[PDB]
Every structure is written in C-alpha cells, then in structure tokens.
C-alpha cells in the first residue's frame, strides 16, 4: 500500500507497551498446550531423565497425583508415551494392543479420575518391537506398510476401548489414517479423534526421547512440498487434526500446512528441543524467557496446539 | 482435501470441551479492548445517557477515578470523546484546537497519572461546529474538504502537545491522514500514532452517540473500503479502523485480508444500545457481549473500541 | 493502482445522489427476502411474542390470510416453524414426520392456496423432542449423529410429500445433507431443494425464538476456517443452497463462504437480531432506517437471500 | 466442492420462479442507466437518425422537455453529445472550449432546471475538428498527443465552469486524465468527476454515431486494457469505462475483477442499431433489450451508457 | 509495474502497423471456425431464411455440393442441425434416434465424401418433440430430466453409429454428459468426442433459429458463477470440449470458463447474433469489417473455436 | 474438475486432424517474426558466417535488395546489428553515436525505401569498444554503469534521428531504460519505442554472434528476471525481451504471466547454429524450425527475434 518512511515509521506502534499489546498478532494461552508424559509400569516409580532436566517418567499412581496440578493449571490434554518393559517387546508387537498394557491401563485410570482431561494415545509399534522400528519387518529388513497397519489398527482400537478421546498415529505408514478411521467407525467409536502425525521427519532432534531404516518412512528434512501431499492425504482419510514433528526446526512446514488446508494443525516440540533449551537455561546462556518465546513461535507459525514438555512451566507462567 | 463423511465428522472435535479448546481458532483478551469514554467539562460531575444504559459521561476528575479500575483490569487504552459546552461551538471550530479544551486537559491529566495507559484522542470538528457536521461548511452548506483539514491538523497537533500517544481522525475528509502525518513529522511528533477511521459509513447505528452522505461511506459499498484503507496506509496511518462494527464485519475481514495491517473496529453507540436494551429487557443473555466481541476477533480485528470493555475485561479476568 | 490524494478524492462520487447511485455496489430487492413464520395448531389463533415486537404466531387459517399480503408484496418464500403442542413432544420425535403435523398441514394448505409461493420447511428434531435438543439422545445424554439422521430423513420425506419445494435441515448433524439427498432422490423427489444450515453457530442470539449440549453440534463462535469445511461438505453432499446462522454477528462468514464457493448463499437474521433492533427502534434510540441498513449489509457481504422477520416491513419500504 | 450428479442437480433451483428469483446473481435497476443524447444547435428542433431508429437529435429546449420524463423515471444521468454546426469546425478545435458552445449551454440549462440530474459531458475534439479526428493533426496527418491534451484541458475546464458534475474524456490520448485532473484541481473544481474512457477500441461498431488505429485500441488486445485502466486510476479517474460494450464484455469483467473500481460500459450506436433493426424486422423479441443490459451487470459494470435507457427504465418500472 | 505517463505512452506501439502487429494479442484463423448448417429432407432443396440473410437450408445432396467449398476453404468442422418434417415429430421423440433420420443420413454421407471433415451432431429432442421442448414432458408439463437422458443417449449412440466424430448435447439436462459418455464407452465408441453445451442460457437471441418451460433447464442470463459449476460438472463427466451459448452477449462467461478450467472452450454465435449483424450491414449501418471484429472478440475472450454462420465469409476473408 | 479415465480420454481430441486443429492452443504467424541482420560497411558486399551456416552479413545495398523478399513475405521488422570496421573502435565508443555509422545509414535507407517495415536498432557499446565489452571500462577493468549510459543515450538519440521506430538496449546497464526514455521524451521523440533486453543472461549460447558476469544475468536465476523486467516497465519500456531464448523458455512464461506486457525473445546465434548444424548433418528434420518457434509462442512470447524468420515465413505462407 505504498507505505514509506517517514510517513510510515514502524517503530511508532513499538513505542509503548500499550500499542505493542494492541497490535500484537498472536498470543499463547493454556488452551494451546498438550503435555507429553512418559509412563512406567509398576507402583511408586519416578525416574529422572538426564538428557531432559526436570522431566520424570512416572508410574500410573504417580501420574495420577501429578495430573492434579496439570488439571488445576487448565492443561487441556496429555499425550501418553509408555515405557515398555524390555521383556514385553516382541517381533509381533502384540503388547501394542494388550488391554493390560501401560497405555491402556493409564488411559482407563485417567479417564476415570479426570473425566474432562483429554488423553491422546500414541499409535505406533516402535515401543513394542524388539528392533525398535515403527512397524513390522519383512524378511529383507524393511518395514512392511500394510502388515504394520493391521497391528496399528488393533492398537488404536484397544486405545478407544480404554476410553481415549484421541489416538495419534505416529508411525508414518502410508494409508494408516484411513485404515484406523474405518476401523473406528465400524466398531462404533464414532467420536474418537485421530491426530495424524502427518509430516514427521527423520530427525536428529529425537535423541533424548530414545534416552527417555527410518528414512524409508519418516520424511527427508530437505522436503517441504512433500509435506503438503502428506497432509492432504491424511485429511482425505479422515484425520481430525494434523501434526508436524519436530517443531522449531520445521516452523516453515507448520505455516505452509496451516495456510494450505486451514485445518486444526498441531506441532511437537520434541525431546531434543526441550533438552537444548533447558541446557542453555541451566548454563545461564539463555534467559528463562526463551521458553515462552519458543512457544509463541509455534502460534505465530499457525499452530493451534503444541505438544511440549514445557507445558506445565508455561502454564504456570501464563496463569500469572 | 476431499474430506467426506463419515471419514470426516466435524463433530468429533466438538465432542468435549478439551478438544473444542484445542481447535478454537480465536480468543478475545483484554489486550484487544479499547474503552471509549465521554468526557464532561465540569468537576464532580457525571451524567447518565438515556440511549446508552449503564454508560456515564464523566468529568475529568471522575475519569481519573474510574481509570483506576480500567488500568487494574489491564485495558490498554481509552478513546476520549469530549462533550463540548454549547457556548464553545462555532462555525470555525476553533475549540477543536484550544490547548485547554476538554480533550487536551483530559489527555494531560491521564498522561501524568497513568503514564502506561494509551490515550487515543478524536480528531474531528463535529463536537466543535455549531451545526454538528464533521467539517467546515461553505455558503452552500457543503462540508469543505481542504479547509476542514487545516483545522483538523491544528487539532491533532494540540493533542500531540498535550501528550496523546494516538490521534484518531474520524472526519472522513479525503487526504487528512497525510496532512496530519506531515504536520506531526514537521513538528517533531515522530512517535504519535495515527489511527485512521478509514472506512467510516453513513450509518443509522450512530443514533445514541448523538450532509453526511457526502463524506461518510454508503453502506452498500465494500470494494470502496479497500481503496479508502489503501490511501490511508500510503498516507502514513499506523492503524486503520472500520466504523460501525458488527454491521460491517465483512469489511473488517476484507481489510485485514487485503492489507495485513493493524486493523481496528468500533462497536458504536447504537450497537451497545441495542445489545444492552435486549439484555435489560431479558431478551438476550449476557453471554452475547463476549460473543459480539469474539466476532470482531474472528473477523480479523486486532483491537476493538467497545463501551463493553470494562465488563468484558471483568468477565475475561474470571 | 497508485491512487493518491488529491488526484484521487473518494468524496467526488459521494458529492451528489446521482453519482452515489451510479457507483452503489449492492442493492436489496424483494427477491432477497424470505419470511420466517411461527405456526400454531388450531383455528383462529394469533399470539404476540413479547421478545419480538410486531411478530405473531398464527394458526394455519390465519397464516393463509396473512400470506395474501406477503404474496402481493412479492416475498418469494416463507420459512415455516411449527410451534409443537407440548403433549406431542416425545423421546423419539415422531411428530417430526407425522403427515398430520403442523408443518405438513401448513405446507399442503399453502401449496394449494398460493402455488407460486416458496415453502421452506425446517428439518430438525428440536421442536419435537421433550428435551429440546436437535437430535436423539444416547444413554450418556449425547446427541447421536446417525440415529438422528434416520429421523431427519423421515421428516424431510414427509415435507416433500406435503409439497414443500425446499427442505432446510437446521440440525447440524454430520452427513445429514447427503443422507437426506439420497433419500429424496430414491423416493423420486428429484427437484426438492435442500437448503443446508451449513455454518450454524452455538449462539446467544437465539434467545427470543425459544421465547417464541449444543456445543457438541453447533459451531464455536470463535471459528471461521471451520465454516468453510462445513460448507464444502454440504455442497459435495448435494445442497442446493447453503446458509450461515446467525446473521449480522457472522457477516465475515457469509463473505468467506460466498467468496470461496460461489454458490447460492443464504443468511438468517435471527430472533435476537430482530428483537435488538426493534427494541432500540421502539425506544427511539435508532431510526427505522436501520432495518434496510441491516439487510443491505447481508447483500454487501455476499448473501443471495436473507431469512428475516423484517421481510414484510422491508418489502413495503422497497415497493415504494 | 466435489459437486456431482445426481446429488447435485443444477436444475432444482431453476424449477420454480421463486427459487430462480432467490438465487439470481444480478439485477438491473434504473440506478445503472445513463442516457446518451445528441444535442442540436437550434430551437424547436428535432432530427431523426437514419442509422438509429427511434433516437432523435434534440435542441436544448427539446432536451429539457424530454428530461422531464427521464427524471421522473429515475434515470440518474445523461451523457451529452453535441452535434456541431459545420461552420464552427476548425483545425484548432477551439469550439470545444467555447463557453457558449452546445455542450456548455446544454449543461447550464440542465443544471438549473434539474439540479439532481447528473450531466456527463464529452471531452474530445472529434466534433470540433474539420477532419473529425479526436485530436489535432500535425503536418504529416498524425494525431498529436500532447498538443491535443492542451485543448482537451481547456474543454474540460469549460464544462466544469458550466456546472457539469462529470467530464468524460473520450479521446484516447495518453496522459490526458492526469492533465485534466491537475487542471481541475488547480482551478478549484475539486468535485468534478472524471469518467475516463480507458479502454476505447478502434471498432466498426461506431458506424451510426458518425488514423484511429494510432490512438484507439486494437480489438485483439485484452491485457493492454488493464494497463490503460491502471494508468487512468493512478491519474485520478473517479470512474473508468470500456467502449464498445457487448463486443467487449470480457474486458468489462477483467477490468472490474482487477481493479474493483467504479466501472462503466458504453453500448454504442452500432449495438443499438443492430438490436433495434432486428426488433423492427421482427427477428428478435423486445426482451433482448433487458437481456443485453443484464449482460453488462453480470459482467461487472456499475453503470451503462445506453440509448435504450428510457425504454429499459419503463420496463423496469413495471 | 509503476508504469506512468510520459515514460509509458501506450500509443507508441499503436503508432505503426508493424508494431501493432508485433504486439497483437490474438488472431483469428480458419482453424477456429465451425459452420452450423440446416439440413432438409428430400432432394434438390434449397431454402432461404428471411431472418438470416444469406443462409440457406439444404437437402443432403445440396449440402454435399456446398461442402466442397467449405472443405477447400479449410473449415475444420460442420455442426449439423436437421429440419425435421412436422409429421415425424412425436411425443416420444423417437425420430431423434432413427438410423434413417436426416442427421444420421447426412452424417454418413459426409463422412464418406469428406473423411477429414469434422461432423458435430446435435444431441437434443427439441427438433423431434411435437411440443418443441428439449426433453420429454411429465404429466405436469415439466421436462423430465432422467427420462429425457434415456432418449438423448439413444440419439447420441445413433450419431456415433452413423460415423460422427463429435456429438454435442444441447439439451441442458443435468448429468447427460456422463450418461452419454458411459454409453459411448460401453458401446466401444471410445474416441467419439462430446462437446457439451455447458452454459446454455434461456436467451432471446435464439429468435431466427426457430424461424430457420425453458427457464427450468436453460440458464438465467443473470447468472455467471453458476456457469462455472455447470462446466465443472461436464468436465468431470467426461466432456472433451465445453461450450457457452449464446456468444457475444456472454463473452464474460467465455473468459471466466477459459480462465477457470483451461480446457477446450467453444462458443456459439447464434442465429440472432448473425441476423443483427447482417441486417445492420445490409442497411449500411455497419461496415462488413464488423464480422471479423465479432469473431476476434471470441478469440480474445478465450474461445478455442466458434460456431458461426459467418464461417464461410470469414474463411474467405482470412484466406486472402 | 475431477477429470478421470475412461470418462476423460485426452486422446479423443488428438484422434483427427480437424479436432487437433480446433483445440490447438497456439499458432505461429508471420506477425510474430523479427529478422536480425548483420550489416557491413561496404557496397556490393556479402560475407558468409562460419558458425552460422546460411546467414550472410550484408552491405546496405544488399540489405535493401533482400528486404524486398522480407517485406513481400510480411516480416514486420528487422533488428539491425552492425559489423563495425576495427579501425572505428575506441575506448570511448564514440562510433556508437556517429550519424554516419552503419546502423544510422542503414536505418535511414530502410526507412525511405520501405516506410512500413519496422527497424529495431541495437543500443549497446560492444561493437564500438576496442575491448568488446558492452560498456566503458574503468582503470580496473570494470564496466562502468553510469558513464556507459551517457554513451548509450547519445546512441539511442542518433538512432531516433535516423528514423528508427524502435531502439533496443542490449547492454544490461542498470537504469538505462529510464535514462534513454527521458532523453527521447526531452528531444521530442515521443513515439520511439524502447524494446528493453530486460533479462539478458551471461550465456555460452552467444558463441556464433561473436567481465560479462558483472552485468549479464547468472543462468541460475529466475526470480531475478522478474525484478529486472519490473524496473524496465516502470522506466518506460514499450516491450521487454528475454535473451537467449529456448534455454530460457521458463523465463518467457514467468515474465508474460507476471506482467502481461508485450514480451519478446531472442533465438540467438548459438541456437540457430546448433539447429542448422543438426539439420545439415541430417540429424534433425527441418520441421524442428517451426517447432522451436511454436515453443516461443506457447511460452507466452508476442514476438521472436530469429535468424530463421525468412524460412519460417516461407513455410507459413504454404
């Protein structure tokens, strides 16, 4: 609109807090926060994670106790990540659909104790396979697409039976959203949401989660147009929400996905992003204000919700 | 993206509060609210406004008292509307630029007491002319464009010298934003913001605030609003505004979409009156206040001039 | 196009009525008006509505008499809203599809007496359920989507049999437009139009209609992109017209919907909007000219037609 | 939106008049109509035009009589086309700016009698030059751009001083809109509108109105029209026009779509002649008049210069 | 691009014929011309049409003789329009699919005599029904959509059997393009093109053709967005070309259709357009140069081909 | 529009010549062709060009003879390329603006003989400098921008005074279009067209025509070309050109799409050489000439500078 200095001085609106606040384009609220949480078997268990300062893996009993604060702070949902006992991992990943598995038990417990809290379960075989890949291997060592979907469907169904309001397939198999959706619909789980990990990259940023091949399924970091194709398919297949993972290193993908589809768009600030920031904060290299800066970035980029291990810290800062 | 029932059921996200909250596209906050306020000449004075139940005209001392609650609620700014004593009105509208006029005095008092509170003054001749038009009349009864600008310029300069952070020309003269900006820059008022009333319509919804069709816009016209805004941005506006508000939400959306600039909207006297009247008659629930304000946000407004600002602030602070 | 003052003065075209008229971008005509009308059981009944000054609920006999004026004024269509006797409300909503229900009786009477007048019937269960929700409840108190559609289909069919040229599903069940369309097509009701309430919000503006939960089906006022998804589905499912409700508070949605789909787009100026305006007019706070301003706004925003309780007043003002 | 038969049957809305009326995308109203009118020099004079059955050239007194019916029908404006006596033509086209020329006299008389009726005068040299070109010729027979503008400027100024609310340069000189606007502004004619003939083609459809290819546009060219309009808007046009009309409806649509500005179209003499001739021969029904005019609206025109304006007005008033 | 006088003078390129020719955006060639032609029963028949000066209706023998010139001039195709003997019109329109009907006989004759000349047959019932509507009536006098399609399919098949390379459904029934396409494909007529009359308006411009109700099927002249919906469906249904009718009065529709779909786009300069222009030319009110101006307009608006009764005149003018 | 096999078979339109002809999206005509021609200093002189089989350098008298066939074929314009005698080269490139230089003499002779034939002169210093760069060198060997413009301006003015209808600056100095336009306008050369070489790349395809990377564009860059064109249009170019041609067809398409302005493309010496060489070796059919030229049209070019112009004209005239 032919705006030119000195008629236009973009510093004017920056001059005072009031005008900065009036023109501010985005704000973070507790409604944007999802807390991922690592869940152990057993009772009275609490484990620190060295590569994620301040995050603990908790048994179900201890998770229920901590969920009091989280609920009180208004965090809308948790994303549950079981820590599978090694002995329960198998070639067939059958623990993924065990009604007595950690995720299923945790879901029923939380649904009963905190009925309004959203529970987002993780649909993937990587915590259940001996070999740690996201799906079932063929005799050449490749992760088989459609056979894996069979197991992921049973898993998702088991989560729905346990009471999960949202299942989030994090597997990157082709077509899994539609297969899971069909299965849910056929079984009568009409309102279980599917939060697709649509554009999940083959990333180095996942280090600490593993603490807490893939290029044939997860996306190449170099590719951006491809992510649009991914999301389009997941929306056609029935996803209720679509997600980009990891987060900060992919903010350009979040913006293109929101702009292109105008659908509910989520982003995961993964373990390595948390660890980088925490480490720098603890070293005194960055101020704690970087936490809300990092989260504001996701809102600015177009995300509706953020899976972040900072959810509690940020919710406290915001509640003030 | 070929979304089809029953694979896509748009009710699933609506099933639970938590998922409604996660997908909710817009939220109103106190940061979005600007309170207009009618300012009297006297002292220890308030007046009730018949056509605006619940709103009082306030003398400056009273404004300072109430501004305590407004600042504590976090309301970022006020928009000052003086109520000029009749005896101060004239064909030349000289009272508009009186250094000791209501607006100027109010501004200086607020700037001193509450230095962080934004003050948005009204640049217009309508409360200063004997006939009530927004500009100066020629012998034929036409509101003269360029002669009016000369008065408006001196007005704005007086507001700036009183300390106003924002001046808001509400006059709908052609070119006034540029003339005002030029004057502010030449006088050294580098940082005074100009909040243009860019698309201000010749509307029946101004009843309660109180030939206009020769300067305010025809309600029928939408494309024209984009031309208006474009000119005001090129002329140096820091913010642009649509008035009235709800009845023009389509204009808000087009203006935000087209220009991606800081965009404001005025929920005018008549919109307040019709909502309050209905709430007082028991015809509409009080929830309609927040719904009306959420609509502005959804449509693309960055901030909202609303006589409901204090109640909305109170509700949000719950 | 680099337009700049003083070469460009946008007041020039405003200088005279003639040039204002030449450049005026939108005009309201009686072709844009649909009159909603509340229909009572019985004979010789006329009831004023306190929260809607000047609107009356009428028995069929009295509706036929008033429809003379409406036809003479050129109003193209009515939208019928029965007032169901309380004793006829039920858990199963069966009165919705009674061939002798108020809507069905009213439709046959009007179709016979005024063959060119459009009749738009309301497809929804809320006037027929004891609990007043738009659909059938499950044992958890939730409004069941697909079971409700079964009843809405029978209702729509009964309206078609009665002679309605348009059925307007106002229910906000997912998929109902396609289900109704299939049913109409299968039954031979090839030319019955479906006027989808596509983007119908969970709004406070409906107060006076009730005088004259829902968040799990009606839309969140905060959401705009979601409305596009709603309309897209309804057009794919066969709607002939798409509608936004309420009206004024959603003019931005009307504009986005018209711009995005270029399809016949309708808007409902609901009971609370009528009451607000009437109340202010009767108090002398607004001039009567606000009525045609409010209606012009819908045209400007892109609506092709407006359901408005001001239809008669506006048609008289326009006929002059 | 994946609309597919038989779920989507586009005939359903066509089934009944009432639904056709509800979905109808465009309507012609009297507000859209501008009547061109050929104005003679004498008094108690009318002339029939062989190639335009049913249209009369009218002396000013006759124009005033007929303008009674035009105003009562609600026609907003007339476009005046003088028929210059041959003896007043010259190589310098000085008659164009004669204060007592036909156009000027007609304007003053209409402005006085019917103050609310818009008068759109024609700014062009073609009815004033001995050779009939729209501008002044050099020794080689080329229509000079800038020298022509100087005459056109004085013309426009004379029209403004006679009281014309709109001047419409129909000359297709480069830059003339800006030169005219500059002159009007410097003379204080702040509110005189300029209705540019922006995209005026070198067309065979002007037969009945009566080297042109060096100034009027090549019929083959579409993109070029957008460049023409762009320049005229930047130069200060209040309205822009395409001429001829029906044969250029694609241009109307592109111009409206691209610029969102007040857009006009001229249904020229040859288009009138061919429609009337066909109606008089019994080859086309009279309904073709309203269909032709609806086409302009559908294509995006805000207003239409049409010799059918009175009959269309009569038909609409039914 | 900030172009401003006097740096930019758009007259410079107009100064000389050479530069006008270099910058000229569109040209008409004989490849753009399709000649419609009225075909009589019998032998040695030639009839002038008073409302279309210079156009004759011809029996097949005389058509073959005239087609020599047309072929020699390079006209790519004819559009055949039979003149059905009144006695052969019926309620069932069965003459439409008679293998010995005028259109079928004419097609076989032309295909044999001029194998490279395109023949475009007219698929519609209006020349075959006693009542002259485009389809079959129901007992309320309405033109039935799907029953009409049954007859149009048999017609199109009969044209394909006769050797037509293109069938052009001019009926404006919903869905007919897909039904005809399915039928052609099933029967093995893999390469018969379908030239859909997609946006055919209810127009006064057809007068002279009739010399040589409809609002429930043909389009309202007022509607433009609706035409896009029409074309979209016809392309989805398998049309190879899409057409707007009438022509000049709808150039804005031609431009929107070409711009939106980028598909082969045709336009019909109908009988009334020909008659208007001829009449004015014969009266001396317009120069003959208007013919090529009118045709250039269609090219400029985006048409790939033009059905025009001026095809021979224009082809001669162009061949020079 | 959800087109799917077998409902949609894109071969159906390809089945027959007649349908291929009806749907064909672009056609080459003689109106699209501009012939470049190398012009010698002498008289009764021709020279064969080793790296451009079939093209002759021609003295002016020879050019006039051949121009007979070119005009009779309908070729609209020639682009003149003088071959400067070495002794006339200098560090100041003064020969560029010699009123009796090759280009000037050729222009005057053609303008007189064939008044309707367009002449496009080359505005560049490369055939006038001793070192062969397109501009004047500083002491460090850099091609100076603004000093070069001053020479180019005088060149262009000399071409205009010789009668050239189009001057085509091929130099790739920044700002030269504006400087040239300013000079032409101030001198009264109102109608002299400027055909800017807007996006002229530092290319290996100029081999046969005969630090360049500091002024000609990097082959890798596409977006940059739009910035180049934008500036030349704002500076007053009447036409804009991409060079080389085939290897840059994507640039042609983007430039036409973005600006909708008269767009030209140069099929350079190396493109001619590689096609002819292949045709002479029997490796490619002669049909490749028309295919190469159809590509330019398809990509969006309005006109094409091509050494094949005469043969293509001959082929089209079949």
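In order of appearance the chains are A, B, C, D, E and F, and numbering begins at 1 in each one.
Everything that follows uses one rule, which is that a contact is a pair of C-beta atoms (placed from the backbone, for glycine too) under 8 Å apart; a residue touches a chain by one contact, two chains touch by 3 or more.
Chain identities (UniProt): A, B, C, D, E, F = Delta-aminolevulinic acid dehydratase.
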Quick one: report the Å distance separating chain C from chain E, using the average Cα coordinate of each chain.
41
For chain A and chain D, what's the span in angstrom between their mean Cα positions?
64
Specify, in ascending order, the residues of chain E that touch 2 or more different other chains.
2-4, 6, 8-9, 11, 15, 17, 23-25, 27, 145-146, 178, 225, 229, 232, 236-237
If every chain is a node and each touching pair gets an edge, what shape is that graph: line, ring, star, complete or other?
other
Go through the chains and record each pair that touches.
A-B, A-C, B-C, B-D, C-D, C-E, D-E, D-F, E-F
Please give the residue numbers of chain E that touch chain C in the complex, ascending.
2, 4, 145-146, 225, 228-229
Which part of chain B faces chain A closely enough to touch in the complex?
1-4, 6-9, 11-13, 15-19, 21-25, 27, 29, 31-32, 34, 76-77, 116-118, 165-166, 178, 181-182, 185, 190-193, 229-230, 233-236, 238-239, 259, 261-262, 264, 302-303
Quick check on the complex: what are the chain E residues that touch chain D?
3-6, 8-11, 14-15, 17, 20, 23-27, 51, 142, 145-146, 172-175, 178, 203-205, 207-208, 211, 215-217, 219-226, 229-230, 232-233, 236-237, 248-252, 254-256, 272, 275-277, 279-280, 283-287, 289-290, 293-294, 296-297, 299-302
Interface with chain E, chain C side, in the complex: residues 2, 190, 262-263
